[PDB]
Structure formats: C-alpha cells, structure tokens
Amino acid sequence: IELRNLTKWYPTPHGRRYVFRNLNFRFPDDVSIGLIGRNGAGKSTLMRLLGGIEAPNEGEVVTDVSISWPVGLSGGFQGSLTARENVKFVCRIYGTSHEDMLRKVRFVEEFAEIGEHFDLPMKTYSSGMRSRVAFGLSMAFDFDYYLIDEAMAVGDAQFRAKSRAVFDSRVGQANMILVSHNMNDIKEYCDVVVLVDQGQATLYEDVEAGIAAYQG
Amino acid sequence: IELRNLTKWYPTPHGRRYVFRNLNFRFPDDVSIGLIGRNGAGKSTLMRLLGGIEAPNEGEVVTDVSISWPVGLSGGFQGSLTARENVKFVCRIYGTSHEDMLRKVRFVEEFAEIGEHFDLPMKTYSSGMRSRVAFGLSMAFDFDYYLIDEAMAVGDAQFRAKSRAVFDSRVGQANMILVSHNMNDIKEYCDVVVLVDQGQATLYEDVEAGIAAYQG
Amino acid sequence: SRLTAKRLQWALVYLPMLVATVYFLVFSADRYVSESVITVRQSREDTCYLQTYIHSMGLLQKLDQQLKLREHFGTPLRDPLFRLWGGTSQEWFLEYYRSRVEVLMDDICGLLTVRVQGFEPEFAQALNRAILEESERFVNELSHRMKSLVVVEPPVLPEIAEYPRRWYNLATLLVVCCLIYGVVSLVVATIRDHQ
Amino acid sequence: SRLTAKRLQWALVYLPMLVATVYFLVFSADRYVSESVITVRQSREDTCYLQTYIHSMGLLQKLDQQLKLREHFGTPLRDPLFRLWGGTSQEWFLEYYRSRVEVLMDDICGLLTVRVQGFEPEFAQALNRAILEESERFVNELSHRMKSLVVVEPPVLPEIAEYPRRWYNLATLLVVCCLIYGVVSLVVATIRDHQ
Amino acid sequence: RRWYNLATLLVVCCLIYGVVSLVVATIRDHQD
Amino acid sequence: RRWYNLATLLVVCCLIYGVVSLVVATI
Amino acid sequence: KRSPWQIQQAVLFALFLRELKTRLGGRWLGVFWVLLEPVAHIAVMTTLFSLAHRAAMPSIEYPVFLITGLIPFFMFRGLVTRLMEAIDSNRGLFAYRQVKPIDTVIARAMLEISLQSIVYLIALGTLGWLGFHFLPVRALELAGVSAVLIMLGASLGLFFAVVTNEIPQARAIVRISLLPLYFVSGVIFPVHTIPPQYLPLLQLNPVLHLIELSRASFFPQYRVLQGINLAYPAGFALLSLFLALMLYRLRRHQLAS
Amino acid sequence: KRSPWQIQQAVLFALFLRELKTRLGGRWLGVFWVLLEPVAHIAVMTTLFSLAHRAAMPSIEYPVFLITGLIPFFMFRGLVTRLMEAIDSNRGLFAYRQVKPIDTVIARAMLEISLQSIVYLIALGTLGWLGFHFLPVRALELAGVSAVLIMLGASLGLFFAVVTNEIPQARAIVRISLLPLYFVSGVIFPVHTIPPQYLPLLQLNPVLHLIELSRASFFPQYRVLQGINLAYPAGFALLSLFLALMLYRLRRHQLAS
Ligand SMILES: Nc1ncnc2c1ncn2[C@@H]1O[C@H](COP(=O)(O)OP(=O)(O)O)[C@@H](O)[C@H]1O
Ligand SMILES: Nc1ncnc2c1ncn2[C@@H]1O[C@H](COP(=O)(O)OP(=O)(O)O)[C@@H](O)[C@H]1O
Ligand code: ALF
Ligand code: ALF
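Protein chains in written order, with UniProt numbering: chain P, 2 to 217; chain Z, 2 to 217; chain H, 6 to 47, 71 to 174, 321 to 369; chain C, 6 to 47, 71 to 174, 321 to 369; chain A, 339 to 370; chain G, 339 to 365; chain X, 11 to 267; chain W, 11 to 267.
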C-alpha cells in the first residue's frame with residue numbers, strides 16, 4: 002500500500018472539520034501495525050479508509066493487495082437476523098461455491114463457543130457474542146491485512162486464547178493492523194506503532210517508544 | 002440492598018431461556034464490587050436490574066439506598082442531539098433548580114476535554130467521546146452506588162487518570178460496582194469480586210481468588 | 006421573571022372573572038326576545077327577497093319613523109355595552125338594528141324565523157308585528173308593481335329574559351380563561367427554561 | 006439439480022419457439038375477415077336485441093341450412109386447431125360460430141361492428157351479407173308481429335389474411351417465454367440456494 | 339416538420355447517451 | 339407587457355443556467 | 011422524599027420541551043408547515059366544491075363550515091398517529107428509573123393539544139378578521155364534545171401503541187386506516203347528500219358523530235341527522251379507555267428494550 | 011481477477027434473496043397480504059361502483075376493467091414507495107467494499123417486479139377461470155407501456171431516494187403524494203365522467219396516460235381520450251432517469267454512514 006495525499010473532512014454545522022490534511026505516509030511492510038492515536042483523532046476514520054468503506058473526496062489511496070473488511074465494535078452486520086444467514090450472506094458476497102461456503106460457516110460456528118444463541122436474532126446478543134462472531138468471521142476469509150478495532154475489549158480470556166491460537170496457526174502469510182486502548186495487548190500483538198495527532202500521523206518502530214509518545 | 006429471590010428469562014423463540022433462577026444473594030457493604038462473569042452470563046442484565054431499568058417479573062429486589070443509573074457502553078442517551086441538551090434533560094429529570102443544574106453542566110464540560118465537539122449531534126461522536134460524557138455525568142450526580150460497565154475500554158490514559166482523580170476526590174461516601182474485561186484495572190479498582198456462572202452467582206473476597214475462579 | 010410570579014393567574018383567571026361578574030349581575034339589562042316564523046307562498073326566490081329586505085335600510089327608516097326605535101333602544105342607562113348612544117352615526121344604527129333582529133332560514137322547508145330583541149316585552153312583540161306587516165306589504169307592492323305572506327307562528331309575548339345568559343356566559347368564559355391560562359403558563363415555562 | 010444444467014432454456018424458451026414456428030408458418034391456414042358496420046334507427073334497446081340475436085342458436089341454424097357452414101369450416105385439413113371436426117357436438121359448433129363472428133358495440137354512437145372470419149374471401153363476405161339480411165328481417169318481424323336496419327359500411331371483400339398474425343404472435347410469444355424463463359430461473363435459484 | 343423533428347431526435351438521443359454513459363460509468367467504477 | 343416577459347425570461351434563464359452549470363459540474 | 015406527583019410533573023415537563031424541539035424542529039419549519047398545510051387544504055376543498063356546497067345548503071359558508079370540522083379532525087388524527095413513536099422513537103431514553111411509557115405517550119398528547127389549540131385560536135381570529143362568523147353559539151357543548159373526542163382519540167392511540175410494540179408494521183395499517191376516516195366522516199362535505207340506504211354504515215363512525223355535534227353546537231342553524239347522538243361516542247371512549255389502560259397494565263414490563 | 015459484471019451479479023443475487031426473506035416475511039404473511047389486499051380492493055370498488063360503471067359504459071365489465079389498471083398501478087406505487095428504505099434500512103450493511111447504493115435500490119426493484127409479475131399472472135389466470143376476458147388483444151403494446159412505466163417509476167424512486175437521504179421526513183410527503191395519484195389517475199373509474207373543462211390538469215399526470223394506454227392495448231374496444239399520448243410519458247421517463255442518475259452520481263460518496 003502507498004496511502005497517497007488525501008484530505009478528509011465532515012459536513013459539520015460549524016463550517017467543516019478538516020480531520021485529515023495532506024497526509025502522505027507510507028506504511029511499513031510485513032509487520033503488524035499498531036494504531037494508538039487519541040480521542041478526537043482519526044483512527045476509526047483511517048481504519049474505514051483502509052477498508053474502502055468510504056472513498057476519499059480530495060485524495061486517493063493505492064492498495065495493491067487484498068484488504069479485509071474492518072471488524073470494529075459496531076456496524077458491518079445486519080440486525081433482526083441470526084448469525085447463520087449473516088454468514089451465508091458474507092460468503093455469498095465474495096462469489097463462492099457451496100462447499101467452501103459451508104465449510105467456512107462450519108469453521109465460524111466451531112471457533113465461537115456459542116450454543117443455541119447462534120440461532121437467535123441480532124437483537125438478542127450480548128456485547129461479547131457479536132464481537133466473537135465478527136472476529137471469527139475476520140479470520141475465516143483469506144486475506145493479507147487484518148483490520149482490528151479493539152474487538153477483544155468485550156471478550157473473555159478464552160476468546161483471546163483461541164484468537165491467538167488461530168492467528169499463530171495463520172502467521173507467516175498475513176499481517177494485522179490493530180487499534181486498542183489496552184497497550185499490554187498491543188505490546189505483544191504488534192511490531193511497529195503509528196501515532197496520529199492533530200490530523201498528522203507518525204510511525205514508531207520500537208513499541209515502547211510508541212507507548213512513551215502516546216503518554217508524552 | 003438485599004437482592005431477594007427472583008427469576009429472569011426472555012421470550013426466546015426456542016421456548017424460554019431462564020437466565021436467572023432462584024437467586025438469593027446478599028451483596029457486601031461499604032466495599033467496591035467487581036463483576037467478572039463470562040460471555041453468556043447475566044452481568045449486564047443484573048446491572049440493569051440493579052439500576053431499576055426493568056423490573057423483575059417473578060421476583061423483587063430490596064434497595065434501601067440511592068442507586069445511580071447504569072453507564073454502560075450503549076443506551077441511556079438520546080441521539081440526534083448535542084450533549085448540552087442531554088445534560089440539561091438529565092439534570093431536569095431529577096427535579097433540580099437552575100443554579101445547581103448550571104453548575105453541574107459546567108462540571109460536565111470541565112471534566113471532559115472536549116472542544117467544539119460538545120456542540121455536535123450525538124451521531125458525530127467517536128466511541129470514546131460518548132463514553133467520556135457518560136462517565137463524567139455518572140460522577141456529576143450525588144449517589145452511593147456507582148454502576149460501571151467497562152466504560153473506560155474506549156478511553157485514553159488521561160481519561161483513566163482524571164476519572165481516578167475524581168473518584169479519589171469522592172471516596173469515603175460512595176462505592177462502585179463495576180464490570181470489565183481488563184482485570185489489571187479491576188484488581189486495583191475493587192475490594193471484593195462476584196462471579197456468576199450458569200445463572201448462579203458467587204462472591205469472592207480476595208481479588209486474586211476471584212481472578213483464579215474466573216480463569217478456572 | 007416579571008411574568009412568572011403568582012400574579013399571572015390574577016392576570017388571566019381572577020380579574021377577568023371579577024369584571025365579568027360585576028358587569029353581568031350588576032350592570033346588565035334584560036333583553037326580551039320575541040320569535041315568529043313566516044314564509045312566502047302563492071318559493072326560494074321571494075323568501076330570499078324578504079330575507080334581504082328585512083335587513084334593508086329603508087325598512088329601518090320606516091320602523092324608526094313608526095315606532096321611534098332610536099329613543100327606546102337608548103333607555104337603559106345602566107347597560108354600557110348594549111345602549112344606543114345619542115348622536116351616533118346612522119351606519120352604526122343600521123349595524124345595531126341588524127344585530128338585534130335575527131333572521132334565520134331553514135334549508136329543507138324554506139321557513140324564515142325572525143327573533144326580535146327588545147328591552148321591554150311589549151316592544152319586542154310590537155316590533156315583530158311591524159316587521160311582519162311591512163314585509164307583507166312590500167311583497168304585495170313589489171309583485172303588484174312589477321303573492322302573500324303565510325305566518326306559520328305569529329309573534330309571541332315573552333315573559334322572561336332569554337338574553338343575556340349570565341351563568342352560561344360566565345361558565346364558558348371561565349373555561350376559556352383557564353384554557354388560556356394553561357397555554358400561557360406552558361409557553362412562559364418554555365421561555366423561562368430555554369433561556 | 007435436474008431442472009438446472011442448461012436444459013431449462015430449451016424447456017421454456019427453445020422448444021416452445023420451434024413448435025410454434027413449425028405449426029404457425031407451415032400448418033396454419035389463412036382466415037380472411039370481412040368487416041361491416043350497421044345500426045338500428047327509426071335506439072340502444074333494439075341494438076342490444078340485435079347484438080343478442082346475432083349470437084343466437086336459431087340464427088346459426090338458419091345460416092347452417094342456407095350456406096352450409098359446417099361443411100365449409102372443416103375444409104382446411106392442414107390446420108389442426110381451427111377446423112370443425114366432423115361429428116362434433118352441436119354445442120361446440122355454436123361455440124365455434126360465436127368465436128368466429130365477432131360483434132362489437134360502440135358506446136358513444138351505438139354502432140354495431142360485425143367481423144366475420146372465413147377460410148375463403150368470398151365466403152366471409154357472403155356470410156356477412158346473410159347475417160345482415162337475416163338481422164334486418166328479424167328486426168322487421170319483431171316490429172310487425174310484436321324499424322329498419324341502417325348499414326353505415328357494407329360488407330367488404332378482403333384481399334389478404336388479416337388473421338392469423340404470424341410474426342406478431344411469434345414475437346410476443348417469445349417475449350412472454352423469456353419473461354417466464356427469468357421468473358422460473360430466479361425461483362429455481364432461490365430454492366437451490368435456500369436448501 | 340423537419341427542424342422540430344431533428345431537434346427532438348437530437349435531444350432524445352443525447353439523453354439516451356447520458357443514461358447509457360452513467361450506467362456504464364457506475365458498472366465500471368463499482369469494481370472496487 | 340415589458341416587465342412580465344422580462345420576469346418570465348429571467349425565470350427561464352435561471353433554470354437553464356442552473357441545469358447547464360450542474361451538467362458541466364458533473365463532467 | 012418528594013411525592014410521586016411532583017416527580018411526575020417534573021418528568022412530564024422535561025419530556026414536554028424535549029419533545030417540543032423535535033416536533034417543531036430546529037429549522038422552524040414545523041410551525042410554517044402546521045399553519046400552511048391547513049390553509050392549503052382549506053383552499054383546495056373550497057376551489058373544488060364551493061358550487062357543490064352552495065347547491066347542497068346555502069345557510070352557512072364553506073370556509074367556516076369546513077374549518078370547524080377540519081381542525082378537530084386534524085387534532086384527533088395527529089394524536090392518534092404520533093403516539094405510535096411516543097415509545098418506539100423514545101425507547102433509547104428508558105434508562106433513568108423514572109421515565110415510564112405512559113409519561114411519554116401523554117406528554118406528546120399534551121404537546122399536540124397545545125399546538126392544535128393555538129392553531130384553532132389563530133384560525134378563528136383570522137376567520138373573524140376576513141369577515142366570517144367566528145363565535146360559537148353554544149361554546150360549552152363544543153368544549154364537551156372536544157373533550158370527549160380527546161378522550162376517545164388518546165385512548166385509541168394508547169391502545170394502538172400498546173398493541174403495536176411487537177410488530178412495527180402497524181404504522182402502514184393506521185395509515186390506510188387513515189384514508190377513509192378523512193372521507194367517510196363527512197368533514198369535507200355535509201352528510202345531506204349521502205343516500206339514506208347507506209346511512210347505517212356511516213353511523214358506525216364515532217368521529218362522524220363528534221364532527222356533527224361540533225358543527226351543530228358551533229353554528230346557530232345546523233341540524234343533526236337522525237340517529238346521531240352523544241351516547242355512542244361517550245360509551246366508545248369509555249370502553250376503549252378501559253381496555254387501553256387494561257392492556258397497558260398487562261404488558262407494562264415488556265415495554266422496554 | 012473476476013470481471014466487475016460477475017461481482018455485480020453475485021452482489022445482486024445475494025441482495026435479492028436477502029431482501030426476499032424480509033419483504034415476504036418469516037411469518038409467510040407477506041404472500042397472503044399481497045394476494046388478499048388486491049382482491050379486497052377489487053371487491054370494494056365493484057360493490058360501491060358497479061351500477062355507476064354500467065351506467066358510464068357497458069362494453070366491458072368492471073372486474074376486468076379495474077384489474078388491468080390496478081395491478082400496474084400497484085406495481086409502480088410499490089416500486090416508488092419501497093425504494094425509500096432500499097438504502098436507509100440497508101445502511102448498516104454498507105461495510106463490505108463491494109455493496110453500493112445502486113445495487114440496493116435496483117435489487118428491491120427486481121424483487122418487486124418479480125412479485126407483481128407473479129400476482130398479475132395468477133390474477134389473469136383466476137379471472138379467466140371465473141369466466142372473464144383474460145387475453146390481451148395487443149400484448150406487445152401492453153409490454154412496451156409496462157416497460158416505460160417501469161422506467162419512469164424506477165427513475166422517480168431513485169431520484170426520491172437520492173434526495174431524501176438528508177431529511178427522512180420525506181416519507182410522509184410521498185405518502186400524501188400517494189393519495190391523489192390513486193384517484194386522479196382514473197384507475198378506479200373511467201375518465202369519461204370527468205368534465206372537459208378540468209381536462210388539462212388530468213392530462214399532466216403521466217401515470218394516467220400509461221394506465222389509459224394499457225387499458226386501450228388490453229381491451230379490443232377501449233377508446234383513448236384526445237390528448238393522451240406516449241410521447242409525454244416516454245420523455246418524462248427519459249428526462250427523469252437522466253436527472254436521477256445525474257443526482258446519484260453527484261452525491262455518491264455521501265451515500266454512507
Ligand atoms: N457521521 C459523521 N458526521 C460528522 N462528523 C463525523 C461523523 N463521524 C465521525 N465524525 C467526526 O470524525 C472524527 C472521527 O473520529 P474517530 O476516528 O471516530 O475517533 P477514534 O479514532 O477515537 O475512533 C470524530 O472526531 C467526529 O467528530
Ligand atoms: N432483547 C432481548 N431479547 C431476548 N433475549 C435477550 C435480550 N437481551 C438479552 N437477552 C439474553 O439475555 C442474556 C444477557 O446477557 P448479558 O448480561 O448481556 O451478557 P454480558 O453479561 O456478557 O453482557 C444474553 O445471553 C441474551 O441471550
Ligand atoms: F456483553 Al459482555 F462481557 F460479554 F459485557
Ligand atoms: F476514541 Al476511540 F475508538 F473512538 F479510541
């Protein structure tokens with residue numbers, strides 16, 4: 002990826018809040034990236050931009066590699082439905098056959114330790130079950146860049162345990178870009194760190210240096 | 002509080018999921034409580050029950066002390082509005098005068114390091130700003146029992162810093178019941194722990210014992 | 006602030022009530038009505077002619093010359109809202125006479141109903157009789173110049335004052351005053367809170 | 006999966022197309038129509077009488093006795109769907125004659141329009157003339173025992335076969351077959367995916 | 339009416355051009 | 339009627355200017 | 011500890027202004043809409059049926075004949091069609107231990123009662139200004155009929171809101187249920203032209219009785235059709251209110267989430 | 011890398027069945043609703059205007075006179091009133107880098123085109139079964155008129171959906187905009203009884219022209235009123251489609267959140 006020049010603003014009533022201005026940053030390669038940022042920064046906005054959810058209006062991004070959809074903690078799923086039809090829709094949306102779709106759905110149910118609640122509408126899930134389903138779906142598909150937005154903050158220890166097990170079963174061919182507020186996790190889940198402040202974005206190799214820049 | 006016998010279920014299509022059955026547990030006194038639970042348990046449901054959001058249908062709870070409303074990470078606020086009218090509504094809902102209402106709103110703006118975004122509709126907040134506003138509102142009102150549902154998981158270090166500063170300015174007269182998935186925080190934010198599993202609820206004095214029971 | 010103290014009810018509920026009662030029971034004068042029901046047959073055209081002519085200025089001139097309405101309608105000195113002040117304009121006198129003699133038309137049967145209000149019970153019946161006789165004469169002369323009047327119910331002599339309605343008006347204006355009080359109080363609370 | 010595997014296209018689109026083309030362009034026989042426009046004047073009542081009588085069984089009996097319709101309508105051996113099979117029930121013959129002679133009534137002007145279909149150009153005009161003459165005779169007899323026929327446009331001798339429409343029916347038929355093909359394919363995809 | 343027919347045909351043809359062009363532009367830009 | 343036709347032409351001109359400007363702004 | 015009536019008053023007031031800023035709107039287009047739509051309808055019917063009304067009965071004029079039946083009808087229509095979202099659109103606020111669904115359904119009713127009373131007052135004032143009759147002959151009867159109409163409409167709105175919580179499709183139903191009610195009630199045209207043989211099916215509509223009673227108690231010469239009474243709408247309002255309160259109390263705890 | 015047309019087909023198919031289970035409903039009440047509501051309306055109009063229609067013109071019967079104008083009208087009505095939520099109710103799904111608003115507005119149109127074609131076919135079959143005319147005399151003209159009606163309706167729905175994203179109140183507008191269209195289009199009653207002096211205002215409704223052309227091309231003796239043509243609706247459909255696509259492409263990036 003290249004992440005060429007861009008400008009990102011939103012139609013605020015008080016004129017226009019130019020969140021991103023003239024950002025020309027080249028992301029590192031073959032290393033997990035940790036976005037730290039702060040409140041009021043554009044980590045989620047940048048996260049969606051990486052996922053192609055909304056196109057830049059005064060810029061563009063070059064991505065010559067497959068990008069998985071963002072996970073997040075809200076959005077990306079359809080309510081009033083059970084997870085079963087949602088996962089059938091998500092494997093149908095990428096033009097798949099029946100055998101791979103069925104086996105990937107089966108993997109989705111196997112990863113998530115969910116009983117009858119898997120056959121329940123999207124309204125009747127807790128804050129953790131939806132995140133677990135989304136996280137299991139994220140590593141279901143084959144990609145290179147896995148986009149994580151603090152999707153474990155609502156999970157138990159076993160969730161982190163088998164998520165780490167799955168990722169270590171899938172290391173060597175894909176890398177992860179994640180943003181979280183628990184830096185004990187990002188210390189051991191990332192290689193290099195990127196800090197964004199006042200719209201500006203900066204990269205930090207050493208994780209401790211990025212932590213100090215966060216708290217600086 | 003007493004928390005007498007109760008039965009809690011939901012109208013699931015597959016009969017009825019009896020989440021809570023014959024729970025007769027007496028909470029401790031003058032100590033911060035930490036709910037650990039697990040995915041599929043009823044921490045949030047029990048959290049709402051403590052807040053009186055929904056009354057028990059086959060039981061009741063005796064609470065001879067003022068209970069603050071739950072904070073949570075979703076719900077409890079009104080969308081399509083700025084935080085200003087929301088805080089005027091929340092100080093008007095408890096039958097307050099004008100001077101105390103204005104000073105409490107001013108405290109709300111002072112606690113949250115939010116600039117012009119405080120005068121923006123509820124749609125255009127990040128995952129952290131709404132939690133910051135709700136958390137500042139929680140310690141705005143005077144109560145005894147502060148109900149916290151992992152409301153810091155989307156905050157920065159300064160958020161935890163001044164939240165701890167405010168709480169330590171308000172210790173000695175109120176206690177906190179909190180649920181979170183980062184037990185480094187609950188180790189130093191709580192006195193005794195309560196674990197709920199298979200609808201059943203259990204109390205643990207030593208925090209390390211509760212942690213081991215969680216991971217056991 | 007100023008429009009927030011308790012005086013607001015006295016601004017809308019109390020003082021209008023007091024002035025209404027003092028007028029209605031102390032100052033008011035009785036207005037006996039006399040009702041007659043007539044028609045024209047030999071249909072709708074001549075009845076409409078009569079309905080227009082009854083309110084006409086020429087009939088008022090004839091009645092003023094014949095019964096001296098202007099002198100009589102100014103006899104109640106106590107009532108300040110319903111007396112014909114001396115020296116008033118002729119147009120105001122025509123408006124007053126139009127306001128007193130009430131003419132109603134029935135759609136199905138085509139029957140004119142004349143309700144004449146006088147300050148003396150004999151005067152109202154006399155005015156009704158004069159109106160009926162002059163209307164009949166006009167219908168005869170008009171048709172003859174270019321028909322008869324059928325009196326279904328003749329003018330009656332009243333016994334008590336059908337007008338004004340003291341307790342009825344007091345109750346309905348009280349209801350209106352509390353409705354306005356509630357609306358104004360809600361508006362005032364809205365301004366005093368959103369400020 | 007047997008409904009799938011590309012044979013469904015031949016199932017609804019191709020084979021119906023071939024059968025229609027083979028019978029429509031090779032088996033079919035020409036049906037020349039003859040059109041006349043008449044009315045009754047001396071209004072709506074007698075025109076309705078005539079409209080009912082034209083389709084009546086007695087007129088069909090008279091026409092069968094006079095022109096030998098049953099022998100002629102069975103002469104095209106090539107056309108399988110539009111020939112009158114020998115020995116058929118009399119009710120079917122009445123239905124056939126009702127299907128051939130088409131009578132239309134105009135609301136504004138009250139003009140009957142008779143379109144008679146024959147397998148020979150002279151036969152259609154002869155049948156139209158016989159129908160018009162017998163209808164006039166029936167109207168006159170009804171007027172006398174219990321009126322005249324005004325022929326606005328007399329029967330005409332056709333030159334080419336207005337019926338059947340080969341390319342028109344073929345094109346619209348294919349239009350319908352592809353619509354049904356799309357609907358059935360969508361339904362089949364729905365079942366094969368939701369299973 | 340040669341000129342009126344020519345102008346009407348030009349307007350309709352330009353509108354058809356626009357409809358086809360935007361449909362093609364959408365179907366080509368959606369690939370992302 | 340001078341001003342009547344002038345106002346009608348003003349309305350028509352404003353509408354066509356808006357349409358043409360929007361069309362050019364597309365491409 | 012303050013009395014529950016005081017906290018009810020505080021809750022109702024807070025919900026009142028809260029609902030005001032959104033019902034009226036921050037664009038201030040709500041007031042222009044609700045005092046431009048009624049006059050637009052008034053101009054429409056008159057332009058299409060002035061001659062028809064003058065043929066039917068010439069005793070009273072159309073601009074004053076229709077307003078007195080329209081504004082109460084619009085009031086009832088609004089307080090039966092806006093109470094649907096009094097709970098569903100206010101669901102996210104049910105997290106403060108004091109707010110109850112009955113508060114949110116009656117606060118909107120109070121708001122729109124005030125709004126329609128204001129529009130009625132200003133419409134009567136402007137109609138008197140234009141040179142038309144604007145004084146009710148028997149105002150007490152009009153007030154009583156309006157009160158019973160409010161009772162019936164608020165009861166029906168509460169019952170519908172209680173029933174509709176499971177299936178939010180019911181909006182559409184009331185919307186189609188709102189089409190004949192604007193026509194079969196006789197607000198646009200007098201009921202004189204209605205054929206007698208159809209009359210029973212017209213007499214089963216309570217709002218028709220209420221509109222007819224309002225028109226009779228407003229004008230000095232309006233005559234009611236035989237069979238129109240006040241016992242039927244009063245009994246309907248009472249029974250409907252009983253069953254609505256009965257339902258709401260049956261499913262009070264389920265009114266959440 | 012597969013062609014964008016293949017991924018369009020996959021996206022459209024996935025959105026198709028997805029939309030099917032919710033438009034039809036899991037209760038299977040959708041099919042019963044959409045084949046019980048039309049016959050209920052048919053029974054209503056006939057019961058209230060059979061004598062009036064027989065007085066107006068007796069050439070054709072009411073049960074077949076009204077269906078041919080009703081079902082296309084219901085089709086256009088639905089594809090102009092359900093495309094409102096094709097984006098707003100499907101907003102939460104716009105997070106997979108391939109789903110675009112044009113896909114979600116045209117998938118619903120394809121679904122309801124299929125549904126209304128099925129209801130038309132079954133209604134024609136049952137009307138032929140009951141003993142009524144059920145073969146279009148000139149079916150090609152009916153197909154062309156239906157195609158241009160679909161073009162106009164889908165264009166108007168797309169334009170309205172693009173415009174309405176800022177203010178979701180516009181539903182109400184189209185709802186009131188849906189009331190005269192059911193009446194002024196002449197679907198319920200023939201346009202013969204309409205006074206000529208009012209005729210220009212009737213001629214400005216394209217759906218009236220389309221319904222009249224469908225009725226003329228279906229029955230063998232229907233006569234069109236003077237001034238009714240196909241140039242006006244075709245030009246309206248083309249210009250509206252151009253402006254709708256023009257708007258959608260202007261505000262494509264804002265169609266998110
Ligand atoms: N729908 C919207 N309309 C207007 N402004 C928005 C919208 N969504 C987000 N924003 C603005 O864009 C910024 C994005 O911040 P975000 O990246 O969500 O913060 P974080 O990285 O902490 O999640 C916010 O400050 C917010 O004010
Ligand atoms: N609206 C609802 N309808 C039906 N069931 C629900 C609803 N909300 C919650 N539940 C059920 O109640 C349980 C409550 O779990 P919860 O306390 O939210 O978990 P956690 O403590 O991890 O937040 C869930 O398992 C869910 O299945
Ligand atoms: F919903 Al959770 F921990 F599973 F708050
Ligand atoms: F403030 Al955030 F994710 F919205 F850290």
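Here a beta-carbon is modelled for each residue, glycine too, at the ideal position from N, C-alpha and C.
When you check each C-beta in the region 66 to 79 of chain X against every C-beta of chain H, which residues fall closer than 9 Å?
So the close ones are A66, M67, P68, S69.
Residue-level contact to chain X via CB, Z:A56, 9 Å cutoff:
True, the Cβ-Cβ gap to chain X drops below 9 Å.
Excluding sequence positions up to five away, which residues of its chain have a Cβ less than 6 Å from the Cβ of H:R340?
The answer, listed in chain order, is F29.
Determine, using beta carbons only, whether G:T346 comes closer than 9 Å to chain W.
With 9 Å as the cut-off, G:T346 does not count as an interface residue toward chain W.
Can you give me the start and stop residues for the beta strand (DSSP E) that P:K9 sits inside?
Per DSSP, the continuous beta strand (DSSP E) segment holding P:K9 begins and ends at 8 to 11.
Mind pulling the chain H residues with CB within less than 8 Å of X:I128?
Going along chain H in sequence order, the residues near X:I128 (Cβ under 8 Å) are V357.
Option in Z:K105, Z:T46, Z:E55 with minimal Cα separation from X:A105:
For the residues Z:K105, Z:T46, Z:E55, the minimum Cα distance to X:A105 belongs to Z:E55.
Using a C-beta to C-beta distance shorter than 9 Å, which residues of chain W count as neighbours of P:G60?
Annotation: P:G60 has no Cβ neighbours in chain W at a cutoff of 9 Å; minimum Cβ distance is about 12 Å.
Leaving out five residues on either side along the sequence, give the residues of the same chain with a beta carbon under 7 Å from the beta carbon of Z:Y215.
Within its own chain, the residues whose Cβ lies closer than 7 Å to the Cβ of Z:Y215, once the five positions on either side in sequence are excluded, are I37, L196, listed in chain order.
Own chain partners of Z:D145 with C-beta closer than 6 Å, once the 5 adjacent residues on each side are dropped
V66, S67, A175, listed in sequence order.
DSSP bridge partner residues for Z:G35 (one or two, in chain order):
Z:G35 pairs with Z:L179, Z:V194.
From X:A24 to Z:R93, what does the alpha carbon distance come to, in whole angstroms?
For X:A24 and Z:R93, the gap between their C-alpha atoms comes out near 6 Å.
Residue burial classification, P:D150 (beta-carbon count within 10 angstroms, cutoff 16):
It is buried - the Cβ of P:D150 has at least 16 other Cβ atoms within 10 Å.
Near H:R366, which residues of its chain fall below 7 Å by C-beta distance, leaving aside the five closest residues on each side in sequence?
In chain order, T9 place their CB closer than 7 Å to the CB of H:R366, counting only its own chain and leaving out the 5 sequence neighbours on each side.
Distance, Cα to Cα, W:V217 vs H:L348?
Approximately 55 Å, taken between the alpha carbons.
Considering Cα atoms alone, identify which of Z:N87, Z:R5, Z:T97 is closest to Z:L47.
Z:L47 has its Cα closest to that of Z:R5, out of Z:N87, Z:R5, Z:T97.
Taking residue 430 of chain A as the query, report the chain W residues whose CB atoms sit under 7 Å from its CB, ordered along the chain.
Nothing can be reported for residue 430 of chain A: it is not among the residues displayed for chain A, which extend from 339 to 370.
Cutoff 9 Å: W:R259 Cβ touching any chain G Cβ
Yes, W:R259 lies at the interface with chain G (some Cβ there is under 9 Å from its Cβ).
By the three-class DSSP mapping on this structure, what secondary structure does X:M55 have?
Residue state for X:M55 is assigned as helix, using DSSP reduced to three classes.
Among H:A345, H:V362, H:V129, nearest to H:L87 - alpha-carbon criterion
Minimum Cα-Cα distance from H:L87 among the listed residues H:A345, H:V362, H:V129 corresponds to H:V129.
Pull out every residue of the region 218 to 242 of chain X whose Cβ sits closer than 9 Å to any Cβ of chain H, in chain order.
For the region 218 to 242 of chain X, which is checked against every Cβ of chain H, the residues closer than 9 Å are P230, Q231, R233.
Output yes if chain X places a C-beta closer than 9 Å to the C-beta of Z:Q79; else output no.
True, the Cβ-Cβ gap to chain X drops below 9 Å.
Nearest candidate by alpha-carbon position, reference W:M55, set W:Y192, W:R261, W:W43, W:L152:
It is W:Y192 whose Cα lies nearest to the Cα of W:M55.
Looking at W:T114 and W:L125, is the spacing between their C-beta atoms short of 9 Å?
Taking 9 Å as the Cβ cut-off, W:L125 and W:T114 do not qualify as a contacting pair.
Helix, strand or coil, according to DSSP, for residue 4 of chain C in the structure here?
In the structure as shown, chain C starts at 6 and stops at 369, and residue 4 of chain C therefore has no counterpart that could be examined.
Mind pulling the chain B residues with CB within less than 8 Å of W:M256?
The chain labelled as chain B is not found among the protein chains of the depicted structure, namely P, Z, H, C, A, G, X and W.
Is the beta carbon of X:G79 less than 9 Å from the beta carbon of X:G196?
Yes. Within cutoff.
Return yes when the C-beta of P:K44 is under 8 Å from any heavy atom of ligand 4, and no when it is not.
Result yes, Cβ under 8 Å from ligand 4.
Pair within 9 Å by beta-carbon distance, Z:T125 and P:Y19
Cβ distance not < 9 Å, so Z:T125 and P:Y19 don't count as in contact.
Does the region 85 to 102 of chain C come close enough to the region 131 to 151 of chain C that 3 or more CB-CB pairs lie under 8 Å?
As far as the Cβ criterion goes, the region 131 to 151 of chain C touches the region 85 to 102 of chain C, which means the pair count is three or higher.
9 Å is my cut-off, CB to CB: does H:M133 come that close to chain X?
Between H:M133 and chain X, the shortest Cβ-Cβ separation is below 9 Å.
Excluding five sequence neighbours on each side, which residues of the same chain lie with their C-beta closer than 7 Å to the C-beta of X:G163?
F86, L89, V90.
Mind checking who Z:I68 pairs with in its DSSP beta bridge?
As computed with DSSP, Z:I68 is found in a beta bridge with Z:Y146.
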